[PDB]
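K.L.:
Please find query_20.pdb (PDB, C-alpha atoms) on the next line:
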```pdb
ATOM      1  CA  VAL A 509      75.657-127.584-229.530  1.00  0.00           C
ATOM      2  CA  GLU A 510      79.360-127.473-228.594  1.00  0.00           C
ATOM      3  CA  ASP A 511      81.511-128.941-231.370  1.00  0.00           C
ATOM      4  CA  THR A 512      84.532-129.217-229.000  1.00  0.00           C
ATOM      5  CA  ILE A 513      83.227-130.336-225.620  1.00  0.00           C
ATOM      6  CA  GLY A 514      84.339-128.787-222.352  1.00  0.00           C
ATOM      7  CA  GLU A 515      85.802-125.462-223.522  1.00  0.00           C
ATOM      8  CA  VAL A 516      83.138-123.187-222.018  1.00  0.00           C
ATOM      9  CA  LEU A 517      83.118-125.187-218.772  1.00  0.00           C
ATOM     10  CA  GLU A 518      86.883-124.730-218.395  1.00  0.00           C
ATOM     11  CA  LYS A 519      86.443-120.995-219.010  1.00  0.00           C
ATOM     12  CA  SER A 520      83.618-120.843-216.459  1.00  0.00           C
ATOM     13  CA  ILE A 521      85.409-122.678-213.637  1.00  0.00           C
ATOM     14  CA  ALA A 522      88.576-120.587-214.047  1.00  0.00           C
ATOM     15  CA  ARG A 523      86.590-117.355-213.723  1.00  0.00           C
ATOM     16  CA  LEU A 524      84.678-118.784-210.762  1.00  0.00           C
ATOM     17  CA  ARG A 525      87.994-119.499-209.033  1.00  0.00           C
ATOM     18  CA  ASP A 526      89.511-116.080-209.741  1.00  0.00           C
ATOM     19  CA  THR A 527      86.737-114.102-208.001  1.00  0.00           C
ATOM     20  CA  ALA A 528      86.537-116.121-204.777  1.00  0.00           C
ATOM     21  CA  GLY A 529      88.156-115.468-201.423  1.00  0.00           C
ATOM     22  CA  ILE A 530      91.760-116.553-200.968  1.00  0.00           C
ATOM     23  CA  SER A 531      90.745-119.211-198.418  1.00  0.00           C
ATOM     24  CA  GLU A 532      88.291-120.797-200.866  1.00  0.00           C
ATOM     25  CA  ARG A 533      90.703-121.707-203.646  1.00  0.00           C
ATOM     26  CA  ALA A 534      91.867-124.947-202.042  1.00  0.00           C
ATOM     27  CA  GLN A 535      88.308-126.038-201.256  1.00  0.00           C
ATOM     28  CA  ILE A 536      87.140-125.530-204.852  1.00  0.00           C
ATOM     29  CA  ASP A 537      89.844-127.889-206.121  1.00  0.00           C
ATOM     30  CA  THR A 538      88.973-130.308-203.312  1.00  0.00           C
ATOM     31  CA  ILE A 539      85.346-130.403-204.485  1.00  0.00           C
ATOM     32  CA  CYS A 540      86.427-130.953-208.094  1.00  0.00           C
ATOM     33  CA  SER A 541      88.752-133.826-207.148  1.00  0.00           C
ATOM     34  CA  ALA A 542      86.026-135.379-204.986  1.00  0.00           C
ATOM     35  CA  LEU A 543      83.479-135.203-207.814  1.00  0.00           C
ATOM     36  CA  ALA A 544      85.958-136.726-210.271  1.00  0.00           C
ATOM     37  CA  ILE A 545      86.306-140.070-208.444  1.00  0.00           C
ATOM     38  CA  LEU A 546      83.042-141.181-206.744  1.00  0.00           C
ATOM     39  CA  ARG A 547      80.154-143.483-208.066  1.00  0.00           C
ATOM     40  CA  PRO A 548      77.080-141.749-209.573  1.00  0.00           C
ATOM     41  CA  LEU A 549      74.686-141.165-206.810  1.00  0.00           C
ATOM     42  CA  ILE A 550      76.668-139.020-204.378  1.00  0.00           C
ATOM     43  CA  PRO A 551      74.964-138.005-201.123  1.00  0.00           C
ATOM     44  CA  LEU A 552      76.053-134.683-199.671  1.00  0.00           C
ATOM     45  CA  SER A 553      76.965-136.158-196.272  1.00  0.00           C
ATOM     46  CA  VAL A 554      79.738-138.454-197.529  1.00  0.00           C
ATOM     47  CA  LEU A 555      81.028-135.720-199.855  1.00  0.00           C
ATOM     48  CA  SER A 556      81.231-133.250-196.963  1.00  0.00           C
ATOM     49  CA  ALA A 557      82.788-135.803-194.597  1.00  0.00           C
ATOM     50  CA  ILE A 558      85.558-136.835-196.994  1.00  0.00           C
ATOM     51  CA  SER A 559      86.164-133.260-198.188  1.00  0.00           C
ATOM     52  CA  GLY A 560      85.844-131.184-195.010  1.00  0.00           C
ATOM     53  CA  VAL A 561      83.740-128.591-196.861  1.00  0.00           C
ATOM     54  CA  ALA A 562      80.356-127.451-195.546  1.00  0.00           C
ATOM     55  CA  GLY A 563      77.187-128.349-197.422  1.00  0.00           C
ATOM     56  CA  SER A 564      76.101-124.774-198.131  1.00  0.00           C
ATOM     57  CA  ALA A 565      79.415-123.998-199.844  1.00  0.00           C
ATOM     58  CA  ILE A 566      78.971-126.965-202.206  1.00  0.00           C
ATOM     59  CA  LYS A 567      75.367-125.953-202.884  1.00  0.00           C
ATOM     60  CA  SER A 568      76.243-122.321-203.675  1.00  0.00           C
ATOM     61  CA  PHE A 569      79.132-123.461-205.894  1.00  0.00           C
ATOM     62  CA  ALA A 570      76.772-125.680-207.873  1.00  0.00           C
ATOM     63  CA  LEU A 571      74.195-122.893-208.187  1.00  0.00           C
TER      64      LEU A 571
ATOM     65  CA  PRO B 382      89.281 -91.583-236.246  1.00  0.00           C
ATOM     66  CA  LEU B 383      91.225 -94.886-235.976  1.00  0.00           C
ATOM     67  CA  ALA B 384      94.220 -93.695-233.928  1.00  0.00           C
ATOM     68  CA  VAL B 385      95.247 -95.447-230.693  1.00  0.00           C
ATOM     69  CA  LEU B 386      97.242 -94.602-227.575  1.00  0.00           C
ATOM     70  CA  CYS B 387      99.822 -97.181-226.463  1.00  0.00           C
ATOM     71  CA  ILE B 388     101.211 -97.480-222.922  1.00  0.00           C
ATOM     72  CA  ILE B 389     104.216 -99.781-222.391  1.00  0.00           C
ATOM     73  CA  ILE B 390     105.661-101.103-219.123  1.00  0.00           C
ATOM     74  CA  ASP B 391     109.115-102.611-219.573  1.00  0.00           C
ATOM     75  CA  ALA B 392     110.562-104.928-216.882  1.00  0.00           C
ATOM     76  CA  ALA B 393     107.217-105.304-215.103  1.00  0.00           C
ATOM     77  CA  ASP B 394     108.352-108.100-212.760  1.00  0.00           C
ATOM     78  CA  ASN B 395     111.188-106.043-211.234  1.00  0.00           C
ATOM     79  CA  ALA B 396     108.697-103.530-209.815  1.00  0.00           C
ATOM     80  CA  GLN B 397     106.942-106.313-207.904  1.00  0.00           C
ATOM     81  CA  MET B 398     110.210-107.907-206.768  1.00  0.00           C
ATOM     82  CA  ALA B 399     111.371-104.571-205.343  1.00  0.00           C
ATOM     83  CA  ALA B 400     108.041-104.081-203.561  1.00  0.00           C
ATOM     84  CA  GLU B 401     108.036-107.499-201.904  1.00  0.00           C
ATOM     85  CA  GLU B 402     111.715-107.206-200.949  1.00  0.00           C
ATOM     86  CA  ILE B 403     110.880-104.350-198.517  1.00  0.00           C
ATOM     87  CA  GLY B 404     107.545-105.613-197.178  1.00  0.00           C
ATOM     88  CA  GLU B 405     104.900-104.131-199.474  1.00  0.00           C
ATOM     89  CA  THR B 406     102.589-106.229-201.662  1.00  0.00           C
ATOM     90  CA  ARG B 407     100.990-103.929-204.283  1.00  0.00           C
ATOM     91  CA  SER B 408     103.222-102.292-206.843  1.00  0.00           C
ATOM     92  CA  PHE B 409     101.452 -99.999-209.302  1.00  0.00           C
ATOM     93  CA  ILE B 410     101.260-102.466-212.216  1.00  0.00           C
ATOM     94  CA  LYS B 411      99.580-105.155-210.093  1.00  0.00           C
ATOM     95  CA  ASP B 412      96.645-102.749-209.634  1.00  0.00           C
ATOM     96  CA  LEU B 413      96.817-101.108-213.071  1.00  0.00           C
ATOM     97  CA  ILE B 414      96.502-104.427-214.915  1.00  0.00           C
ATOM     98  CA  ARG B 415      93.023-105.016-213.428  1.00  0.00           C
ATOM     99  CA  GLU B 416      91.717-101.478-213.973  1.00  0.00           C
ATOM    100  CA  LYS B 417      89.349-100.631-216.837  1.00  0.00           C
ATOM    101  CA  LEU B 418      90.706 -98.073-219.309  1.00  0.00           C
ATOM    102  CA  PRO B 419      88.846 -95.902-221.857  1.00  0.00           C
ATOM    103  CA  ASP B 420      88.280 -96.990-225.430  1.00  0.00           C
ATOM    104  CA  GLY B 421      91.076 -96.590-227.951  1.00  0.00           C
ATOM    105  CA  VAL B 422      93.961 -97.339-225.559  1.00  0.00           C
ATOM    106  CA  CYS B 423      96.018-100.543-225.297  1.00  0.00           C
ATOM    107  CA  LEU B 424      98.230-101.893-222.506  1.00  0.00           C
ATOM    108  CA  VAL B 425     101.311-104.101-222.990  1.00  0.00           C
ATOM    109  CA  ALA B 426     103.686-105.595-220.420  1.00  0.00           C
ATOM    110  CA  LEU B 427     106.902-107.588-220.852  1.00  0.00           C
ATOM    111  CA  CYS B 428     108.470-110.109-218.475  1.00  0.00           C
ATOM    112  CA  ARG B 429     110.525-113.293-218.170  1.00  0.00           C
ATOM    113  CA  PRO B 430     108.629-116.618-218.477  1.00  0.00           C
ATOM    114  CA  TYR B 431     109.428-117.949-214.998  1.00  0.00           C
ATOM    115  CA  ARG B 432     108.433-114.663-213.293  1.00  0.00           C
ATOM    116  CA  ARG B 433     105.072-114.113-215.026  1.00  0.00           C
ATOM    117  CA  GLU B 434     102.876-115.135-212.087  1.00  0.00           C
ATOM    118  CA  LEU B 435     104.250-112.384-209.828  1.00  0.00           C
ATOM    119  CA  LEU B 436     101.917-109.905-211.554  1.00  0.00           C
ATOM    120  CA  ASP B 437      98.930-112.351-211.572  1.00  0.00           C
ATOM    121  CA  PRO B 438      96.885-111.724-214.743  1.00  0.00           C
ATOM    122  CA  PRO B 439      93.076-111.931-214.800  1.00  0.00           C
ATOM    123  CA  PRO B 440      91.305-114.481-217.055  1.00  0.00           C
ATOM    124  CA  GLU B 441      90.657-111.912-219.819  1.00  0.00           C
ATOM    125  CA  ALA B 442      94.392-111.370-220.414  1.00  0.00           C
ATOM    126  CA  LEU B 443      96.160-112.326-223.653  1.00  0.00           C
ATOM    127  CA  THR B 444      99.626-113.930-223.635  1.00  0.00           C
TER     128      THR B 444
END
```
Show me the file's structure as structure tokens.

P.N.:
Amino acid sequence: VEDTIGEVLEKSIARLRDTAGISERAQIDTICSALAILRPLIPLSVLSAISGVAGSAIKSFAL
Amino acid sequence: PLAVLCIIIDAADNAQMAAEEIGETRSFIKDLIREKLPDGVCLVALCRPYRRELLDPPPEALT
């Protein structure tokens, strides 16, 4: 339905950064950079191991 | 019935520079910009381009 893809997602991620704790704001960008480079069936263990972020943080971010 | 009240803060960055130069962190504008005002009032600030991020706008702000 979006005639110009990705606008609302940009707006959503910015707001989701602004309301987090001040320790979290490096880890959010780490997760985004990790998801922008891997092959498309990512297990959570390798993602956590190469990012240093806990699994529950990734899961709550995605929810 | 269509009147407005305008509040203007000139030199907004200087107030934050003076606060951080003596060991504080929260000048009045840095709190006031995130507060919710009644209807029919508008809030405008002015600053230099390279100092804008001292006062840290929220995502709703217009530039």

K.L.:
Just say which residues the PyMOL selection byres ((chain B and resi 432-440) around 9) picks in this file, as a PyMOL selection string.

P.N.:
(chain A and resi 519+522-523+526) or (chain B and resi 393-394+397-398+410-411+414-415+427-431+441-443)

K.L.:
Segment 546-564 of chain A, all listed atoms, 5 Å padding on each side: what axis-aligned box centre and edge lengths in Å to one decimal come out, as AutoDock Vina command-line options?

P.N.:
```
--center_x 80.4 --center_y -134.1 --center_z -202.1 --size_x 21.5 --size_y 28.7 --size_z 25.0
```

K.L.:
What's around segment 531-543 of chain A at 12 Å? Count only C-alpha atoms, leave out sequence neighbours fewer than 3 positions away in its own chain, and write the answer as a PyMOL selection string.

P.N.:
chain A and resi 521-528+546-552+554-563+565-570

K.L.:
Using Å and a single decimal, report how far atom CA of residue 424 of chain B sits from atom CA of residue 386 of chain B.

P.N.:
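These two atoms are separated by 8.9 Å.
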
K.L.:
I need the residue nearest chain B from this list: A:553, A:518, A:571, A:509. Use only C-alpha atoms for the distance.

P.N.:
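Closest residue, counting only C-alpha atoms: A:518.
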
K.L.:
So the first atom is atom CA of residue 418 of chain B and the second is atom CA of residue 389 of chain B; what is the distance between them in Å, to one decimal place?

P.N.:
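Calculated distance between atom CA of residue 418 of chain B and atom CA of residue 389 of chain B is 14.0 Å.
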